[PDB]
Every structure is written in C-alpha cells, then in structure tokens.
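Starting off, we have a lone chain in the form deposited in one PDB entry, written out as structure tokens.
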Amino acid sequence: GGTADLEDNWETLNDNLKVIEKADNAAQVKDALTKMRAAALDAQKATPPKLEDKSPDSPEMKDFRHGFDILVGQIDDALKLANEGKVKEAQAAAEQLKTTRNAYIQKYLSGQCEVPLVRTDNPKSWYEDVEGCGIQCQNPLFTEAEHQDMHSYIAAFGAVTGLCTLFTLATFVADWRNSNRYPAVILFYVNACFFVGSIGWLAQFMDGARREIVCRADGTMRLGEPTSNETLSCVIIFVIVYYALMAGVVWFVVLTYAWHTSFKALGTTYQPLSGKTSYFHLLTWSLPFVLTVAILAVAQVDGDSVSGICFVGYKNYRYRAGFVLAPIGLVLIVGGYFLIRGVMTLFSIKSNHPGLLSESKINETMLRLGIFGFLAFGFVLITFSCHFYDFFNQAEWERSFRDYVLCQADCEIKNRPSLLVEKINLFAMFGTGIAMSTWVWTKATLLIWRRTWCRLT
C-alpha cells in the first residue's frame, strides 16, 4: 500500500541504514535519514501481506503502523544529531533503528514463517528442515501472564535472598578479625555464593537485559551457547549463576563435614579443622570451575524467557542430568554421609560422656551448625526432586513442543513444564540462602553493628 509496496520501503530503509554505517559526511547521513523517514511514513500507509483480512483499526494494523512511529522518532533523534553535524553519534543513533527494523520486519513480513517460528536469515537459528524460520525468543509454551508471574516470583525471592545474604557478608567483614574462624566462616562463603547467584538471577530485571541474555541477535532463542557472532551475555549469566550455586552446594558439603569433625573438639579448646581449611577452598572453587569449563566446551548453554537466565540442559535434558542432577545427587550422598556421621558421634558422646553438653560458646555454635546442615540438606533434597521431575519428563514436553510448532503452519499444546515445580525448586534454591543468612541473626550481630556505627560517628 501507498506510493511503494511494504517490502520496497523496508528494503529502502535497509539500504539507507547500511549507507549511514559506511557514510563519510553528515550530508549523506542526513540524506539517508530523510529518505528513510519518507519510506517509514509511506510503509506506514501500506497493508502487510497477511493483514488484507484484518480491519484497518485492528490492533495488528495499529501495531504495524506503530512500528513506524517508533522508527520515525528514532530517525528524528539521529536526524537531530546529523543536523548538529555530529556524524559519529548520528551513526550510533541510527544503529538503534536496527532493533525496531529487525522486530517489525519479523512480525509483519514473516513470509513462510508462522508463529512460534520467526523470520531469520541466520542459518544456525533455523529450526529442523524449515529454511529461513527460527524458534521465537519468548517461550511459546507459556503465556504473557505466566511469564510476568515468574518474573515477579523471581524478583521478590531474588531481592530477599540478595539483601539477606548481603547483610550476612557485611556483618562478617564488619567483625572479620573475630568472625574469620572455622566452622563459622563456612557460612560466610555459603552466603557469598547465594549472593553472587542472586545477582545472576536478578540481572534480567535491568532495562532490556532479559532479551539480551535469552535471545539471539535475530530474535530467536539462545541455544547451544557459546556460539559465533552472539554476545557473551548468555554465557556470563550462565557462569555467574551455575558457578555460584555449584560452589555454594560444595560449601554445604564442607559445612556437614565441619559439623561432623567439630565434635572432636569435645567442648575442649582443640581445633579439629586446623590445617584442613586449605582443601576447603581447593574443592569448593575448583570443582564447579571444572564443570563450568566443561559446559562451555560441550556448548550446552540455552536461554529461557520464563526463567530469565541462561543454564545447562534447557534443550538437552541429558546434559541437565550430568551437570545438575549428578552434582546435586553426589552433594546429597557426601553431605548426607557427614550428617549421619555427625548424629552418630552426638549419641556416642551422649553415651561415653553424659552431661558433656552442659551450659555454650563452642557447644552452642555446634548445634546451630547441625541445624543449618540439616535445614540446607532438606532444601538440596527439594531441588534435586524438582530437577529430577524435569529430567524424567522433558522428552514428552519436547515432543509436545515439536507437535505444536509443526501444527502451527484449533491447534493446541498437549503437556508443558510445571511452573509450580519450578517455583517450588526456586523457593528451595533461594531458601537455602535465606535460611543460611539467618546464621548471623544473633544478639551478638546487634553488638557488631552497634560498634560499627560508633566507629562511623
């Protein structure tokens, strides 16, 4: 529709977008934008090929038209700067139009592509035998109401864990000469991990970051990352999240180990852990590193719009068992062994030395530690179960997704993943940090912060 066809004006915008990129003076930059503005306004007068059947006042026609409202405003912001002779930054403002261009060309000049498949020229983004279509970034199995529901749940829980574990780090360093002692300082490193994990989980809430993390440049979803031309954003969120949570679950095994061995103090001033502290840092930081490095090697980092992060085994449930179920499983056997070895010792001390737990100081932090070890084991047990549910059921959910994608070209989805199971899972993973941070919710912490403010007068 209009003077020129929709595809013609879109090709005009594309050609002039590339001429700005390779332009020398403001005269040619200004020339492109003023011919681009004319094109956008003429393309706006048009009717897209699969919208002949739609009303002119329809939300589709109004949104197609709106794309050119966004584009003309952006053209004007670049046109203002090009008029200001500021070539450099005018080419930078013109680089913003590529976002609108890629989204609206995809939406309205879809071609052979029908939702959830989207128009993309990147052959690595193409789905099955379908030439030129890729699976849309936004998870087509979940509604906008459910996406927004998960985002709220993660924001609320992420922010709580974030601030709780941040305070516990602050309380520890505020009294580091005193608090940097084992087995107490284990909880500091556990809290460091959940804090770093939270930052990874809350990254999606930063203006437009969720798309930058989970979508490819072409609007298709992130798959088999690390991959060429794409940004590091996906893998950075993966590394932050996966390393931080895998390190934190190792420090949990360390906690259970420390609780079991600190029974050897016998209330007495002996330090059973003395000299063992070196291995604690070697195991907790080397073990998740080796795993992370291996995931980047196999390139099995995939993104999710509902989760908002990049993770291992989102598309391949096989890699999810080997890199999530297997470590969490193994942390439960080893951590579970030391807790059983801990209770065995407690009833052995109870028989051999009745009244040795007589009131305090050392004996008080001992049971607080054993409560934390059991409380954190319980949460690891819920995540393991949630991850297992996903693992043993993902094959059918993937077959239901193929059967829907392929049909969409009534047409509905048989089964899909459980957001309740993922929220139950998220609660346990955030709850391990919330519960672990309350290690510092002592009368002594009030003293630490009283002396901290006195020294800040």
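Heads up: residue numbers just count along the shown sequence, starting at 1.
Just so it is clear, the following notes concern the form deposited in another entry, a form of the same protein that is not shown.
The listed options are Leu346, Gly111, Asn415, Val421, and the one placed at a hinge of the rigid-part motion between this form and the one not shown is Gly111.
By 3 Å or more, the C-alpha separation between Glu21 and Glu230 grows in the other form relative to the form shown here.
Shown here is a form in which the CA atoms of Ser305 and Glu60 lie at least 3 Å farther apart than they do in the other form.
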